[PDB]
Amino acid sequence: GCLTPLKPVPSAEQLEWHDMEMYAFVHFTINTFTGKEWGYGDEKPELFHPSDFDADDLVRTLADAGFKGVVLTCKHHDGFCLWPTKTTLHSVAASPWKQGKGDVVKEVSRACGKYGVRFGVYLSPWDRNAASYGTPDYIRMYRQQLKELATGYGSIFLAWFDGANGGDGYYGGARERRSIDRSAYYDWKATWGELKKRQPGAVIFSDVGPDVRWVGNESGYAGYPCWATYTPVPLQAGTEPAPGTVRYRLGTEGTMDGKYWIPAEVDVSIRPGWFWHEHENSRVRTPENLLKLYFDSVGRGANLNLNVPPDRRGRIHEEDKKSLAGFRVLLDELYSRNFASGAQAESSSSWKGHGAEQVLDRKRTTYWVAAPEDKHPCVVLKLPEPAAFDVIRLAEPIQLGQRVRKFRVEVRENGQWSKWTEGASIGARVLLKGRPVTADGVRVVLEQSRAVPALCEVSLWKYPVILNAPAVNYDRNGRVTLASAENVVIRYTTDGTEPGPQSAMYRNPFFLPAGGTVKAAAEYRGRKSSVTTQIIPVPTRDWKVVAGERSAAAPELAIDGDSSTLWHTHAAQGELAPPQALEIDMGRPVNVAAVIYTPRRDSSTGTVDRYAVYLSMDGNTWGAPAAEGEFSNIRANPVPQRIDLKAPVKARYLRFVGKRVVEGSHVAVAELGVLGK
C-alpha cells in the first residue's frame, strides 16, 4: 500500500520531533542570579555562582516527569554564555563557579545522553552585552557561538531562535538603544544552512523557523484546530518573513491548507516568569494545571515545552519537583487503561490492505486508509463490554500529509448511538474530552477531507479524577455532612491528627454535639487530596434569643447557622447606634472557651471592631467582662473572628456587646457561635 502523499509533508526530523510530544525548557543564566527576567548586559560574571548545581539531578528530574528533550538557554538576552566560549569572557570562564571555569552546557548535554533524552539549545540572537551588536561583526560572533554549540556537545534536536528584541542594552558600555532590520540583519538562511550542515538531524525553531513555529503566545495553549501547516505573513506587508516580523497570533491555529509544514510548539513556564524567582515559589503550576496544559497543547496537535527554571542553588526547586511528580502520576493514570485495546475495528471501506484494525496498536507507522469512493468514511470500534471513559485520542500518518478537515465521534450507549464530540484537525494527535460515558461502541466519522483520509491511532482513555478537598458542612444540631464530587473515598479525623490513609472513613452524616475540629481528605486510586480543616461550633437548636433589638431585624438571624442571613439595627426609624447587645439563653450549661463572630460578606456596614462579651448563669448579674478588646483588621479582611477566653468559663447565658463599628452607625451580626473545647 504505497499511497500518494498530500503536499506538504514533514521530514524525518520533524516526525521524530512530533513523536516526542513534550520536552522542557531550562531558563538558567546570570539573570537567575540577578532576579531579572531580561538582563541588561552589565552584570559581572561574578554573579553566576550556583552552590550545588548537579546536572544529573536536573535532567533526571525532568526525564522522570516524562519530558523527552531538554532545551537549555545557553545564552539568553543578557548575552552571558553558560559555556567557556572563545567569542567573549562574559561567560562562565569569568565566574567563581568552579575553580575559574566549568561548563554548564557540557554537563547538561552529558546528563541528557546519560538518561536517553534529547538535547537542544537556545542562543539568543539579541545579545545585550556584545558591543558589536547591530554591526555585521556581531553576526560573525553569533555564527561562531552557534558553531561552538554545534561542534562539541553531541546531537542537537532543536535550536530555539527567539525573534524578540526590544532595543536598549549595555552593548559593551554603550548604554544605548540599538535597532536592527529584523527581516534581513541576521541573514538567517545562511546561518541555518550552516547549522543544518553540521547538525543534519536538528530542528529549527522560530516564529517562522523552517521546522517548528512559535504558538504565538506564552500562556500555554494552542488553538483548536491547530493545523501543522503554516504560511507566515509579515506584520508590515511586503517585508520578508523572519523571527519577529510576522503576524504571530496567526500561529495559534496555523493555516488550513498551508504551503509549508511548520508544526507548533507551546512554550510555557511552570511559573509566571521564565527564570527562577523566590517570590514565585507559591505560584508554581499545580499538576492538574499541568495536565490541563498538556491537553490544551499536546492534545490539540501541537507539542509542549514546559520551562523549569533552576534556582540560584542550581537545582529544580522542591515545589517544581512536587508538581512535576504529580504531573507524571496524572499522565500515568490517564494512560493506565486503553479502553480500545481488545476491541474490534470495522470500517466503511478500506484500501489495499490498510484495514481498520491498524488503528489499535497506537503506532504512527501503521494506519488505516479509506477508499477514494465513499464520501462519508467511518471507523467503528466495538468493545468487549460497556466501559467507563471520557477521552478519545486520534492520530493520522502525518508522514503522508494532513488530510482530515471536519470530523465527528459518536458513542453507543444502552444500545443506541448519539453524537459525543467533534472537531476539525487531527495531525500528529488530538485528545478530545467529552461527557463521561459508559459505552461499548465508538464511531469516528470523517466528514470532509482534501485527500483520501487516513488514521493511524484510535484509542480510548479515562481522564484522571480531580480530587477536590472534601466539603465539610454542619447544621445547628451538630450533624456533620461530608461531600465531594462523586466516586471518592473520604477519610476524616475529629481529634486533630491529619487524615492518614488508615483514618476513619466517611459513610453517612455523623454527630459531634460538643464542638470540635474535623479534618477530612479525599482518596482515589492511591492519590490523595488537600486536607479540609473545619472547626464545628456548639449546637444552637436549644438557643433562644433573650435580649436584642427587634424593631429592625429578627435577632434569631444571628444564631440561625446561615452566614447569608443578617441581623442588624438599621430600621426605617433610625440607624440606632452602638453599643448593641445580644443576650442568649443557651438552654443548657455549656462550658464555653471561645466566641465566634461572623460578620457580613458583601459590605463593611455594621461590622464590629471593638467588642465586649459577658458571661453569666442567670442573665441578671454579668460582672466584669468575660472578654474584651478589638477586632484588628476586620475592615479589609471581614472573616469570622475568634475571641479566645483568657480562661474557660462554664455558663448558660452569653451577652455579646458590639461597642462600636467600622463603617456606618448600626450594628450587624451575620452569625454568632460558641466553642467549648
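Numbering starts at 1 and follows the sequence shown.
Novice: For the higher mean C-alpha B factor in the entry, choose 53-61 or 623-631.
Specialist: If you average the C-alpha B-factors of 53-61 and of 623-631, the larger mean comes out for 623-631.
Novice: Hey, which bit's got the bigger mean C-alpha B factor in the entry, 63-71 or 647-655?
Specialist: Averaged over C-alpha atoms, the B-factors run higher in 647-655.
Novice: If you check the C-alpha B-factor for each of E318, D311, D602, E357 in the entry, which is highest?
Specialist: Each of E318, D311, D602, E357 was compared by C-alpha B-factor; the highest is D602.
Novice: Would you mind finding, among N303, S219, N414, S155, the residue with the largest C-alpha temperature factor in the entry?
Specialist: Reading the PDB entry, the winner on C-alpha B-factor is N414.
Novice: Rank-wise, by C-alpha B-factor, drop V9 into the lowest, middle or highest third of its chain.
Specialist: For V9, whose C-alpha B-factor we compare with every modelled residue in the chain, the answer is the middle third.
Novice: Could you look up the Cα B-factor of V546 in the entry and say which third of the chain it sits in: lowest, middle or highest?
Specialist: Its C-alpha B-factor belongs to the highest third of this chain's values.
Novice: What third of its chain, lowest, middle or highest, does the C-alpha temperature factor of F28 fall into?
Specialist: CA B-factor rank for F28: lowest third.
Novice: State the tercile, meaning the lowest, middle or highest third, of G120 with respect to the CA B-factors recorded for its chain.
Specialist: For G120, the deposited C-alpha B-factor lands in the lowest third.
Novice: So where's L15 on the chain's Cα temperature factor ranking, which third?
Specialist: Answer is lowest: the recorded C-alpha B-factor places it there.
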